[PDB]
């Protein structure tokens, strides 16, 4: 949503982004860094260790899809809260996460990519990615019912 000159930039840089372990990691760390989120997943087994939680095939799979899922956001990034509608559904449904943990989680992916990416996750790509989770943190809970 931004310059199309900005959309331009995350569209290109999303894509060099490896989905499988950019959400394993992002799911991964979210895991032992918010230790309380760890609630929503009795869902897999072993988060009572950093080694464990990460690797844990399950919290692995989780991020895979907890991630190009987001990142299928954009295409449209755009219309809507549309998109995401949906998984709102699910999120105030029978989990019931804060709109608060949407925004960590969004903030865990920017530590990810910053350090996978590394000198390119730039205060301007850093910048725009920011928006993006501001956006995707946000539809998911505007969503509430």
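Positions refer to the first chain, counted from 1.
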{"query": "Assigned third (lowest, middle, highest) for the C-alpha B factor of residue 81", "finding": "lowest"}
{"query": "Ranked C-alpha temperature factor of residue 130 among modelled chain residues, by third", "finding": "lowest"}
{"query": "Modelled-residue ranking by C-alpha temperature factor, third containing residue 40", "finding": "lowest"}
{"query": "Cα B factor band for residue 54 (lowest, middle or highest third within the chain)", "finding": "middle"}
{"query": "Chain-wide C-alpha B factor ranking for residue 17, given as lowest, middle or highest third", "finding": "highest"}
